[PDB]
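Working notes, structure below.
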Amino acid sequence: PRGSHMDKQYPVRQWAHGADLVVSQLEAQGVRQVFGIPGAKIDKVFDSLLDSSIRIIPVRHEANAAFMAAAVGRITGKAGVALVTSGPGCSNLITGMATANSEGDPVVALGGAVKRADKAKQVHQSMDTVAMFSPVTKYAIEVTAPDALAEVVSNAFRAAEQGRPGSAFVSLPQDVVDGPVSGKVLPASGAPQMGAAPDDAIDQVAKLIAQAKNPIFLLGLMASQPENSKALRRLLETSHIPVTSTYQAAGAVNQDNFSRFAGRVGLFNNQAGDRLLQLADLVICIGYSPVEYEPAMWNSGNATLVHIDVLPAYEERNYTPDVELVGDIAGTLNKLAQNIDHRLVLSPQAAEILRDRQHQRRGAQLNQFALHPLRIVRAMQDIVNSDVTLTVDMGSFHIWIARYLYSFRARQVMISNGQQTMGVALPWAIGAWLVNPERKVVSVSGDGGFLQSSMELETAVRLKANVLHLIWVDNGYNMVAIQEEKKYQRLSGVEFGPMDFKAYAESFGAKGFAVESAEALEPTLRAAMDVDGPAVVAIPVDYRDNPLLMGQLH
Amino acid sequence: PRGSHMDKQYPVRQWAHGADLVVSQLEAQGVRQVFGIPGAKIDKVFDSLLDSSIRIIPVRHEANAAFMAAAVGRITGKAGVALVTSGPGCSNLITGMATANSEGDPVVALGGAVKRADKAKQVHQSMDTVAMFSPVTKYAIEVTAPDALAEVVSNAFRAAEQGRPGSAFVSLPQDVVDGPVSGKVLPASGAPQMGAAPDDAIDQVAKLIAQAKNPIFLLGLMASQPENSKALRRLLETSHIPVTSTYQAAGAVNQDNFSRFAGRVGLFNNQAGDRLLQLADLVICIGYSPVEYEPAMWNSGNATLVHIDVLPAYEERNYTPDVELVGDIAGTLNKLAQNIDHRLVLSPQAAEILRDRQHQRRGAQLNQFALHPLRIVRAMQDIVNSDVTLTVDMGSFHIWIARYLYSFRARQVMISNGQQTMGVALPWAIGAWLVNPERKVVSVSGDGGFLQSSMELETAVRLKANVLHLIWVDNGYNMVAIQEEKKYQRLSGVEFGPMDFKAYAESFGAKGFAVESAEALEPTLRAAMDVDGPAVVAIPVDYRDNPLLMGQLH
Amino acid sequence: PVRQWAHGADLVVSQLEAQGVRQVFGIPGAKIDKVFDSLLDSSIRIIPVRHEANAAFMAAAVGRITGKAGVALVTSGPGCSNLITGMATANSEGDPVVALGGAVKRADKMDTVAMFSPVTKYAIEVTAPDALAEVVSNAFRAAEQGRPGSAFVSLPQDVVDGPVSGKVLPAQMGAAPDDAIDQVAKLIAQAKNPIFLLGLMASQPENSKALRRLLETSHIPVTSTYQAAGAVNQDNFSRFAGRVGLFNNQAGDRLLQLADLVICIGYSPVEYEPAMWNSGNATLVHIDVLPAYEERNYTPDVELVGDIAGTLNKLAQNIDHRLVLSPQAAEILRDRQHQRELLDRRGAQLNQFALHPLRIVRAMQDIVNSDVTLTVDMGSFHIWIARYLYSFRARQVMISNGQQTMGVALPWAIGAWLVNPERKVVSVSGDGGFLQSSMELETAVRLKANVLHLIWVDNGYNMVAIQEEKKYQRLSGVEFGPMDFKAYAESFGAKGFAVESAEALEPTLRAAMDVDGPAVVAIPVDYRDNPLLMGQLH
Ligand SMILES: Cc1ncc2c(n1)N[C@]1([C@@](C)(O)[C@](C)(O)C(=O)O)S[C@H](CCOP(=O)(O)OP(=O)(O)O)[C@H](C)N1C2
Ligand SMILES: Cc1ncc2c(n1)N[C@]1([C@@](C)(O)[C@](C)(O)C(=O)O)S[C@H](CCOP(=O)(O)OP(=O)(O)O)[C@H](C)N1C2
Ligand SMILES: Cc1ncc2c(n1)N[C@]1([C@@](C)(O)[C@](C)(O)C(=O)O)S[C@H](CCOP(=O)(O)OP(=O)(O)O)[C@H](C)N1C2
Ligand SMILES: [Mg+2]
Ligand SMILES: [Mg+2]
Ligand SMILES: [Mg+2]
Ligand SMILES: [Mg+2]
Ligand SMILES: [Mg+2]
Ligand SMILES: [Mg+2]
Ligand SMILES: [Mg+2]
Ligand SMILES: [Mg+2]
Ligand SMILES: [Mg+2]
């Protein structure tokens, strides 16, 4: 009957093992799989998952379990789950949990721990994981009372999925998950029934839209959630105000569904969105937090600033909103749309800025070897259609793809990377494929980022994941090298040796390719896409022109 | 003149870049190389190292920089150095720093950080690294004042190398290492001139040795340091008291130089050392901390307990020493040796226990496929001579090697692993080889542990490291599986797919081998040893008999 | 506007003015004396206290009444650490408090931020002079917004002394969605034993009118935690079931366990452990400014997050009919009426010496009318007053004390009086709690605060003694010596009163009330009957 009744499909049982209650709680959360590596302290949860519909997916390095979990979280909106053992099993997650928290990806990590009695000493894993995960999670707690077992797990998903999503860590002592517990599953509660910002405030902003002549919407992470899709589109059609998005909101609005989309901001200093922002007399931020794009780089201060989000702003020097609309975003945008009396008439400069953007949007006329980056971007465009997901690692290739991200027509793109973690592309792709295994996923990284997570190629083969991984090969850490060259005119620690990435992939049981010539790139990628399973393509790249592109950055 | 004079070979300069002072301080510490991966926030230290005798060694994953650094620290006694950039560059070190701290390996990690002005916000790397490293280091601090730059680095090496050694982390904001500083290098101070434990106390223990009839020495980490080698041997010869060692002291005393060595304790429940400890009426711990071997597993409480170490004991339930000798170990053992009036006369049981140990110390008469573990141990014994270093990863193979560690005659063995971190063997071997590049290093791991650090095979080829890596291949996480089988009679998350490890190694430019038959093992290892560079040998293993060996554990 | 400030302290003070700060409590020191100095050029009033802990107490009273954070200003080192207990008490009770604590120069860097984090909503140190106004503004925002709490800001000496470039930052939710209020209105109709459980936020002044309208159109019975002890009383709502959390014989507890629908307003599980009232056999509705802090025994079926006042008004508009009490509900409320009658006597205090507690309570009731504020310290007297809260007709009562800190009454009263100095404030404490903050009698005299302080004198820590007697039948560490509190109060320059006889307390309290300034009244009490009252506790 009630949510906390002692008689329901969620009965109050005498559980033989706390792990059984943990697994039942996961089922209530809608968890479909678990990523991680087992160990003695946590093997009972792995064991209990055998009697569950939840799928166990062993990875080869815990860090990639956190990466896969984040991809699951971003796509589905419900937290991806990592499951690791105590000690180095937990500490191997920290970078992944930070990357998830930075991007707003809901992730729950369940980490084993020594028996409670052994915490008062120095044993094989006397590791204070809560203290280590606290700085890089929304939520980190250890279950010290077996009664609070289901409560702690439920609160972890609640912290990860609600508000501005983030990562959550739960430490599970061995004796708690092995021993008996008395409790019940806590059914999952959705989002709060939040009200729109107050009418006196939305009318105030509506009056600013009329009085404004160069208004622009700045979309943040929360603007890209599905709950706000319909409301956001309805507001853009009735207002016709131009829009620009951070990379955490890179998918909220595409150029092909809204004519006045001004591109993505946060990376390049020559974007239509940037010019419209500095030109703007009214900026309305939707679902945006300053962390997504430092306000010091776009807020000139000569414009009225409106904040629309599920949480109050964290005021700062270059982000002191004059009006603050706090509440349900969808409800706020709907009420705001009701008070739009007329559609915007673009100013000459504003209109010219959008024209200049579309006029820009070389190429394939570049048979040089090694392949020029702009050529690789073109070949990627031809294979990444609306049915393919694209995951992008971190490096110089990342900047090239971001520069031409308007031209990719992918169903979804995972590229946003505030922490700038390398090695994310491949595990992101495996997680994304598991959500929609009927579709193709294309992951792209450098040779540096590739080897930090290439161990998961074995996981991809074992899963038969339909993932095509592209490696831009330069035998170095180029994105760092270019910075050293500009600053010091010499390189330090950015060069390493070559590899036979074709045979490397084949040793995992996957299909390997190596672009030997500029004419062989399209034939090779074409063949690699047609592979019904894991495939890797090594693409020698010539980064000589990188200094030209990097000068366009902030 | 004085250590802090403003006029000396360590002059007070106006440094153009804090990084220059950092590098000069490293030179004063005797640092020969630096392991890590560069980045924008820290690239000035990499740049400054170009003008230095210190060698830059790029790795492919930061975690392995911490592992290599630990090996350097254990062998030389001076801290190995890791150098990483901010954000995920630092968080990727945490597991390695914990493994170093647990084993007492001196390691200094220098991690980049955002500008000081950008710490008061959420930027690309607003990561509180000090809070994350504190639980797994002896020392973690961030340089906020450029004047304290050399002080902080000096104190990091001091914390790492002195007392019970450990890992230390220093966070270096970008503006501090890029901007100018005014300071001087701090010359390195050796160990304190400590005095022996008080005479009234050493005589008290000397009187206990006489009154004792089953005394035994329990050697800990500090007993294996070179400063105590001569004193320890002199005490064992004049006393002839039996000796047993933790694995952190596995090298302090070898069976071939002392007849009454009772093996290593901490892993197996059927060791001569264990029987002598439970039989003992007097246990003298030298350089030992309870963390090395839980006193609950060997201290029955029916024996007088003496503590000899550079630090006071941390009393606990099963470790309340009756006598406490605190001071310089070497000086304490020397004074104690002066008061030995006669050599011990072994008791019948004590003598019988040592006889039973030597009588034990199958084999090669096992042509079964896959190769029986005991056969692999024999083939390893034939190639690991006194000129070879042996590094051992974590897994079921680890238990087999530990069971027969008396039979290996290696110059040095790195096997101790309290945190039980997998992936340590290969990076340990690269670090060890760099200290003595004229010698051969043999590293052994499983297929699970191999892929967590196999990325460093590229580093080994690039370094031309004379490292032979052996993989016990079972296509699973066996050491975990055996625990699940005994506890639940079913497996969960411990199986993965096969790989062509021969071609895998060859893709890095290294020599690859695959033992196809039991008769080919010795021929293959023989050939792989004769390789003058990196080589990998895949060894299919049959773990069917593992349950028999694991029953001999605590 | 952006201004070129000569000293960071100038920007701090201007930011405080923008926040509406009327006074600052604290003690100056070298690291922070520039903020004290800058306050001379400000309309803000400097109120020196005699112990920093009491600055946090006074600040909390200002915060609770006005809704804008009270401000404490202390120097580095022990100046900050002396605040921790006060800041913890403010955070626990939901009182908005901003503490500005000095710190050594940045170049010379007690880790105060680490020490205040566990007992504050917000703790930060200003390391960049540019972010000075940002941090102060965010501190007030953290303290005053959402569920209010305490906030700490560490100000390095060089930051407030040196020049800064910045601007002042000038100083709001909508009602729950209509589709969600229609959902709740339908549940009230189908319900037959509904009850409101009021929490902290239901007691805020913004929700007073809306709450009354909801109770009038619904006539649903009400029970309150002690953080909401003032939102509703027995004399203004007939179906008030008392306050829950302290006594084991309250109508509110019985109605909650009987309820088939519980609507919590402004409530967090921390105010009253849900394990003691949520049986799980009822639909649970959560109405608050924040999402529910879910736990085992608190998984609401409906969650209304938004402006409480706007939500309750809209909900009251959709109530089609008034509740018809069930027999048990009516009987429970009847039993409370009979209980209140039994709690009353009337009795002629046969044991005149020492004065019986019930006699002191009546004498307090006669002087605490609707124009008087009452602050209550912690001790056995606290239980007595809590037992008879229904009978007090005070303008405001400060009694809620989850941390159970002693010494709060007097500084609470001084802070409360400063908000409305034209009214009388009555503070009551024990002899133990009195001496932990009695130093502020000098502040009261120096301020001419119209505060009447009552001391229940037993020469011991009674509330602990009674616990020891029940557990061990012997006392340990709960006895101390007597004091002549009349001369004690008079030595501060305040009026001192000593209840010499049982007939003189009302004459004395009457005379002490007629004092237009600080007054202290020592009241010898006979706690012999305490075991009878304490048996009524959980
Ligand atoms: C970072 C980290 N993450 C997780 C664990 C780990 N390190 N260490 C182990 C350990 C020692 O911790 C223990 C005993 O398995 C355990 O879980 O308690 S080793 C082990 C290594 C894989 O096995 P591998 O193939 O290499 O060896 P075989 O046994 O021969 O097959 C396993 C998965 N562990 C958990
Ligand atoms: C965990 C971690 N450790 C260290 C860094 C990292 N992640 N991210 C980068 C970054 C983005 O952080 C930045 C800009 O290079 C930097 O240092 O600031 S990416 C980069 C990845 C290697 O380059 P790769 O071969 O893959 O790509 P190419 O550029 O095409 O050659 C580099 C080494 N970084 C530092
Ligand atoms: C800071 C602090 N330090 C210590 C305690 C405290 N606060 N609070 C109390 C408390 C409520 O906490 C409890 C119930 O006594 C307890 O210990 O649990 S109050 C209480 C005050 C009783 O003495 P007092 O003379 O003031 O009142 P009478 O009862 O009339 O005599 C007692 C000393 N406490 C412990
Ligand atoms: Mg399953
Ligand atoms: Mg956190
Ligand atoms: Mg590269
Ligand atoms: Mg060099
Ligand atoms: Mg530490
Ligand atoms: Mg294996
Ligand atoms: Mg209030
Ligand atoms: Mg806090
Ligand atoms: Mg008292």
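First residue shown is number 1, and so on along the chain.
The backbone N, Cα and C atoms fix where each Cβ goes, and this holds for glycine too.
Copied over from Swiss-Prot, here are the features:
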BINDING   C:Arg147, C:247-268, C:288-307  FAD binding site
BINDING   C:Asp431  Mg(2+) binding site
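Where Swiss-Prot records a feature, it is marked here on the structure.
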{"residue": "C:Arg147", "record": "FAD binding site", "Cβ contacts under 8 Å, 6 or more apart": "C:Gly94, C:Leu200, C:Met201, C:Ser268, C:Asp288, C:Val289, C:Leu290"}
{"residue": "C:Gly252", "record": "FAD binding site", "Cβ contacts under 8 Å, 6 or more apart": "C:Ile195, C:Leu197, C:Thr223, C:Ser224, C:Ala241, C:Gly242, C:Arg243, C:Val244"}
{"residue": "C:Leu258", "record": "FAD binding site", "Cβ contacts under 8 Å, 6 or more apart": "C:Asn193, C:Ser326, C:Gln328, C:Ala329, C:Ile332"}
{"residue": "C:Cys264", "record": "FAD binding site", "Cβ contacts under 8 Å, 6 or more apart": "C:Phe196, C:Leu197, C:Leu198, C:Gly199, C:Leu284, C:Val285, C:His286, C:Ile287, C:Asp288, C:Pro300"}
{"residue": "C:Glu295", "record": "FAD binding site", "Cβ contacts under 8 Å, 6 or more apart": "C:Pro269, C:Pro274"}
{"residue": "C:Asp301", "record": "FAD binding site", "Cβ contacts under 8 Å, 6 or more apart": "C:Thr283, C:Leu284, C:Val285"}
{"residue": "C:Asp307", "record": "FAD binding site", "Cβ contacts under 8 Å, 6 or more apart": "C:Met173, C:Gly174, C:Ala175, C:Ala176, C:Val289"}
{"residue": "C:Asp431", "record": "Mg(2+) binding site", "Cβ contacts under 8 Å, 6 or more apart": "C:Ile455, C:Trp456, C:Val457, C:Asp458, C:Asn459, C:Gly460, C:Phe480, C:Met483, C:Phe485"}
Quiz item: Of C:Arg147, C:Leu258, C:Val289, C:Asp301, C:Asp431, listed as binding-site residues, which ones have a Cβ less than 6 Å away from ligand 3?
Solution: C:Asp431
Quiz prompt | Near chain A - the binding-site residues C:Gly252, C:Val289, C:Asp307, C:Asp431, filtered by Cβ distance under 8 Å | solution = C:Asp307
Quiz prompt | Local Cβ density at C:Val289 (FAD binding site) - other Cβ atoms counted within 10 Å | solution = 19
Practice problem: Could you tell me which three-state DSSP class C:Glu295 (FAD binding site) falls into? | Solution: strand
Practice problem: Consider only the binding-site residues C:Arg147, C:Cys264, C:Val289, C:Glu295, C:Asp431: which of them have a Cβ under 6 Å from an atom of ligand 12? Write none if no residue does. | Solution: C:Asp431
Exercise. With H, G and I counted as helix, E and B as strand and the rest as coil, say where DSSP puts C:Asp307 (FAD binding site).
Key: coil
Practice problem: With H, G and I counted as helix, E and B as strand and the rest as coil, say where DSSP puts the residue listed as 'Mg(2+) binding site'. | Solution: helix
Exercise. Give the subset of the binding-site residues C:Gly252, C:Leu258, C:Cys264, C:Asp307, C:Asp431 lying near ligand 4, defined as CB under 6 A from any of its atoms.
Key: none
